[PDB]
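Visitor: Sharing the initial chains of the complex here, in place:
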Amino acid sequence: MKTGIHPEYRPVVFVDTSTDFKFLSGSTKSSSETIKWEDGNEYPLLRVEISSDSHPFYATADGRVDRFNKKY
Amino acid sequence: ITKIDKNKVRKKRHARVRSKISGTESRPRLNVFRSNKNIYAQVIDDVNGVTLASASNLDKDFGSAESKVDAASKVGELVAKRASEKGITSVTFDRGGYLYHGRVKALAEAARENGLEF
Amino acid sequence: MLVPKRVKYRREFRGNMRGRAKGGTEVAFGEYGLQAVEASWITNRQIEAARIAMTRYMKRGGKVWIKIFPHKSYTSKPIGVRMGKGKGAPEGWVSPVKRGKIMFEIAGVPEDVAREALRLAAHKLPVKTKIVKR
Amino acid sequence: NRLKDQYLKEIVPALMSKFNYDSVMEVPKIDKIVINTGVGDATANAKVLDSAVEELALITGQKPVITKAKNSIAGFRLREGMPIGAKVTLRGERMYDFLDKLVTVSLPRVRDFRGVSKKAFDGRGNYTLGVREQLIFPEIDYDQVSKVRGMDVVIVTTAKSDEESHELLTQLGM
């Protein structure tokens, strides 16, 4: 941890777009959102697409929704 | 991954400093052993291989420690007095393969402040 | 023709062949062999001539081992050349054979064939030979 | 961070039960990881290395260590002196936070993370992932990423043999 030279880094909690899965993590992006989960150590909010919260191995707008709404 | 061997790699470093530092009858060698909790000081001459003085945290008395960094300075005060009892005045400092930064360092100034010349 | 693929030095001393053979004086692979009684240089052209004569008599039967190899080279000068001005160009390859060295070995044939195929080969070499068994 | 809340709490007792270890010190650890990319095409261009090292730093959070060449090779118009690739060797809390996003949001970003990939083991108990697409991590700038080179992710563990090495990553999620 040599001072100054290293780039910025700060833990951030992510949420899945499919389920709003609270997922404590770390990143280097503020994402313009901050929540107060686990008060006393505030964490920013950075949303993310499909992840381990609802991963198949582990449809909302565009893709099929246009396909189903058009053809039904 | 193979776990690192802390003491064995030090023996390689201690053999490097021993190529130029040796103890004789007139000027013995002052050696230092540092562990995770204890620091040991010893005075040796290599012409015949005997110990002239020794002091450490395991001494008979004088128990007073703080951060085990000035405890070495307490050790250095005792070894300097014990070594100077028999007339030893000039010695050479053997690092023991360590650095010269903390506990090993602060041991040295304790002897220099007392009746010992490095 | 048995020749080394490459050599470190083109030119070479001639050496000497005094004393009994260093090693290989016992037949190991085959059952019969030619033992040299005298010592002399043996070229690769004499090895080939002795190899064909001994192989042909068996009608390509059995197995044949060659226990020597021409490592050493030798040079020569043309006719009409005075002495001096360097060393001659290499010409051939020899194998200094000391006394007692086994040169060829034979297996896979009856005794009468073995005792006869060896003597046809022994007439192509400049050494006095002998036939020995295991 | 939560991996500490998930490894020490329940993964540690699971290994002892499944393997019958004599003491607790035999439960395998995670020692170090490396991120080696390889930019050997930069032997002629001095602008490719600037972005890739900067991109890797944002992905991990530590300064990349610009490597060099060891031997001179004729057929690649390459010699001694120029940099070839870079690596980052993180350790500590960053060890699990990097894996925290790698096994949660980075893997689904691939076209198909469901590929088992159980043959990538070194044979002593270390797993070396080889994700080459520079889009799995949701931190790298997609538009700003000019080129696309390949990467390596190496997991080294104190697991003596493969079965307990594979077993650990299964409980950690893989």
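Guide: That came through, no problem. Numbers count the residues shown, from 1 in each chain, chains lettered A, B, ... in the order given.

Visitor: Could you use CA atoms for every contact and neighbour count after this?
Guide: Will do.

Visitor: Look up how far chain D lies from the residue of chain A found nearest chain B.
Guide: Closest to chain B within chain A is residue A:2: 19.8 Å, counting by Cα to the nearest Cα. Distance, residue A:2 to chain D, using Cα to the nearest Cα, to the nearest Å: 10 Å.

Visitor: With residue C:84 instead?
Guide: Residue C:84 sits 46 Å away from chain D, going by Cα to the nearest Cα.

Visitor: How many residues are close by that residue?
Guide: Counted with other Cα atoms under 10 Å in any protein chain shown, the neighbours of residue C:84 add up to 7.

Visitor: Find the closest residue to chain D in chain B.
Guide: residue B:1 (6.4 Å).

Visitor: Which helix or strand contains that residue?
Guide: Here residue B:1 sits in a region with no helix or strand, counting by DSSP states H and E.

Visitor: State the three-state secondary structure for the residue lying closest to residue A:43 once chain neighbours are set aside.
Guide: Using Cα to Cα, 6 or more residues apart in numbering or on different chains and skipping the chain neighbours, the partner closest in space to residue A:43 is residue A:12 (5.2 Å). Three-state assignment for residue A:12 (DSSP: H, G, I helix; E, B strand; the rest coil): strand.

Visitor: next up, chain E:
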Amino acid sequence: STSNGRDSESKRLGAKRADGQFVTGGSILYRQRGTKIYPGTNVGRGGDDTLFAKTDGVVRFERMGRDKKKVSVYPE
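Guide: Chain E goes in next, on the same frame as the chains above:
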């Protein structure tokens, strides 16, 4: 005709003093390339690996470990 014919000048290396012989300080005991023999007690090494005596005494060619050798000078 023929290349070659060139050679250097012999440098007269080797031992210059005998075992058990009294030597004055500063006298050369061994000339060499590299370190065929290591310096010992009261013996230094020169810029080009020559071993010389630092004080008067008797030369002793002794043996270091299994694959090494040294020379020392012991005052009488």
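
Visitor: Re-run the earlier check on the neighbour count of residue C:84 with chain E in the model.
Guide: For residue C:84, the count of nearby residues is 9 (other Cα under 10 Å).

Visitor: Next: the one 4 residues further on.
Guide: For residue C:88, the number of neighbouring residues by other Cα under 10 Å comes to 14.

Visitor: and the closest residue to residue C:89 other than its chain neighbours, what does it touch?
Guide: Nearest non-adjacent residue to residue C:89, counting by Cα to Cα, 6+ apart: residue C:75, 5.3 Å away. Counting by Cα atoms under 8 Å, 6 or more residues apart in numbering or on different chains, residue C:75 touches C:11, C:87, C:88, C:89, C:90, C:91, C:92.

Visitor: switch the cut-off to 6 Å
Guide: If you count contacts by Cα atoms under 6 Å, 6 or more residues apart in numbering or on different chains, residue C:75 has them with C:88, C:89, C:90, C:91.

Visitor: partners of the helix or strand where it lies, with directions?
Guide: Element membership for residue C:75, per DSSP H and E: strand C:72-76. Strand pairing for strand C:72-76, determined by DSSP bridges: strand C:89-97 (antiparallel).

Visitor: Please tell me how far residue D:120 sits from residue D:127.
Guide: Counting by Cα to Cα, to the nearest Å, the gap from residue D:120 to residue D:127 is 6 Å.

Visitor: now for chain F, put it on the one above:
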Amino acid sequence: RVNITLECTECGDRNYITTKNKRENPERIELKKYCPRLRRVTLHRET
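Guide: Chain F added:
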């Protein structure tokens, strides 16, 4: 690669001679060498 001389900066007498590469060291080399006349260490600059 040429041969150069070093000149004292107080006495002005040329005490030392060295060599340097004129393509890699186009400047005038300065070194701190012992000056016999003043019996003290003195900066020396190439003439």
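
Visitor: again for the neighbour count of residue C:84, since chain F is there now?
Guide: Neighbour count of residue C:84, defined by other Cα under 10 Å: 9.

Visitor: and what of residue A:51?
Guide: Close neighbours of residue A:51, defined as other Cα under 10 Å, add up to 23.

Visitor: Residue F:11 now?
Guide: Per other Cα under 10 Å, the neighbour tally for residue F:11 reads 12.

Visitor: was I right about residue D:162 contacting residue D:127?
Guide: No. Applying Cα atoms under 6 Å, one finds residue D:162 not in contact with residue D:127, separated by 9.3 Å.

Visitor: Comparing these two, which residue is more hemmed in?
Guide: Higher neighbour count among residue D:162 and residue D:127: residue D:127, with 22 against 16, using other Cα under 10 Å.

Visitor: ok, the residue positioned nearest the centre of chain E to chain B distance?
Guide: By Cα atoms, centre = their mean, the mean C-alpha position of chain E lies nearest to residue E:30, the distance being 1.8 Å. Residue E:30 sits 23 Å away from chain B, taking Cα to the nearest Cα as the criterion.

Visitor: who touches that residue in this structure?
Guide: E:14, E:15, E:16, E:50, E:51.

Visitor: Can you select the buried ones among the residues you listed for me in ChimeraX?
Guide: Only the buried members of the contacts of residue E:30 enter the following ChimeraX selection, criterion being 16 or more other Cα atoms under 10 Å in any protein chain shown:
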select /E:50,51
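
Visitor: Thank you kindly, that will do.
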